[PDB]
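Report on one structure; see the data block that follows.
No Cβ is skipped: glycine too gets one built from the backbone with ideal geometry, and neighbour counts run over all protein chains shown. We did not get these values from a lab; they are worked out from the coordinates using the rules stated.
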Number of protein chains: 2
Amino acid sequence: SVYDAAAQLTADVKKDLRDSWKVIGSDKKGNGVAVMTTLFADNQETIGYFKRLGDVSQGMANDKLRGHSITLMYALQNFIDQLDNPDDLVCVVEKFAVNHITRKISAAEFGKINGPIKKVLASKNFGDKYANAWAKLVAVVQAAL
Amino acid sequence: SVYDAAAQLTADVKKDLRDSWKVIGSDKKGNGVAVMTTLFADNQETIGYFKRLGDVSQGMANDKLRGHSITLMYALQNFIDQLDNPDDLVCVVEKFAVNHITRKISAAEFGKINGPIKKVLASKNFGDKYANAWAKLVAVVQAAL
Ligand code: HEM
Ligand code: HEM
């Protein structure tokens with residue numbers, strides 16, 4: 001249930017998400033591409049899903065990858081801005097869920113993003129505490145897949 | 001090209017875009033739904049394209065329409081944030097262009113959004129000057145369609 005998952009976002013979790021987002025969200029282009037490139041390096045078996053982006057090994061130099069990456073960060077910004085209202089968070093999460101259900105992405109594969117996020121957070125000095133907080137948010141999307 | 005269209009947005013245009021967005025973008029749920037509902041009211045022929053959203057006449061009550069509307073406002077937020085870097089604005093614009101090209105939305109049809117935006121701006125007292133500024137931004141997307 002996406003509703004039960006959304007309920008797991010307690011006061012403490014929401015604070016950690018906001019505090020860390022102030023930092024990671026300050027450079028959407030750079031951190032977005034870093035998240036994506038890490039995903040492709042750590043789980044090479046997912047590259048096949050992104051054929052539309054072309055050669056993702058080019059990183060920041062790939063225009064399609066950069067556009068996709070920046071937009072991905074705005075999806076996260078969207079989630080963070082809906083933390084105050086469970087009903088609105090749910091409706092936006094289900095919106096992006098569809099975008100992935102159409103690409104045949106399961107909850108298990110969607111979860112492969114936790115690794116990259118934890119690595120990007122660690123590079124900015126945010127440890128496991130924040131990684132776990134973000135994992136709970138990703139869990140809300142997984143519940144809708 | 002899309003670059004020429006984007007590279008043409010002047011300082012005065014960007015200023016009016018940012019000033020009006022500070023207001024219109026402050027309530028993404030309320031103004032986003034207002035935009036979508038206005039589009040359906042004035043251009044009833046577009047209703048069929050949004051069958052995935054269900055009964056759009058339900059407005060705010062429709063969770064799918066609400067999720068779509070809030071998300072659309074973040075697409076505009078994305079554009080606004082990339083105004084000072086034409087290279088970044090272009091790659092995000094082309095990304096959203098693909099989303100509509102896949103739905104067979106022509107440049108002319110995409111332009112139907114100008115009416116709704118003009119009316120929403122007007123509801124907050126932003127006149128023709130501001131409406132013209134937004135049509136210039138919508139034109140950057142049309143250059144990609
Ligand atoms: C925090 C986690 C993630 C977020 C918020 C997210 C967000 C997005 C967004 C906003 C889009 C564009 C939707 C569209 O225009 O159709 C997208 C596309 C996509 N996502 Fe994700 N995504 C996430 C994780 C993943 C993961 C882990 C995978 C694969 C294992 C995945 C696979 C895809 C694919 C295949 C596309 C289509 C790319 C294209 O052809 O343009 N996503 N995602
Ligand atoms: C200010 C201009 C507009 C913006 C910023 C915008 C933005 C968006 C975004 C973010 C999506 C979701 C893409 C996805 O996840 O697949 C979307 C979907 C869509 N848009 Fe637009 N759009 C605009 C104008 C229009 C207009 C005027 C039309 C109709 C003539 C149109 C037709 C569609 C359709 C049919 C969908 C698919 C909806 C669905 O089934 O989920 N858009 N738009």
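Per the Cauchy relation, a quarter of the hull surface: what is the mean projected area of the convex hull of the alpha carbons in segment B:1-80, in nm²? Write down the numbers at each step before the final one.
Values: hull surface 25.3 nm².
With every direction weighted equally, the projected area is 6.3 nm².
Counting, for every residue in B:93-99, the Cβ atoms of other protein chains within 10 Å of its Cβ and taking the mean gives 3. Over the residues of the protein assembly as shown, the helix contribution to mean residue ellipticity at 222 nm works out to -21000 deg cm²/dmol, using -39500 (n - 2.57) for each DSSP H run of at least 4. Between the residues A:53, A:110, A:75, the greatest Cα displacement towards the positive end of the dipole of chain A, with unit charges on the Cβ of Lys, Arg, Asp and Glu, is found for A:53.
Say the cut-off is 25 Å between C-alpha atoms; which of A:14/B:119; A:64/A:104; A:15/B:28; A:119/B:29; A:64/B:104 go over it? Pairs exceeding the cut-off: A:14/B:119; A:119/B:29. Each label was represented as a point 7 Å from its Cα along the Cα-to-Cβ direction; for residue B:4 and residue A:49 these points are 3.9 nm apart.
Can you tell me, using C-alpha contacts under 8 Å and at least 6 residues apart, the relative contact order of chain B as a whole percent?
38 percent
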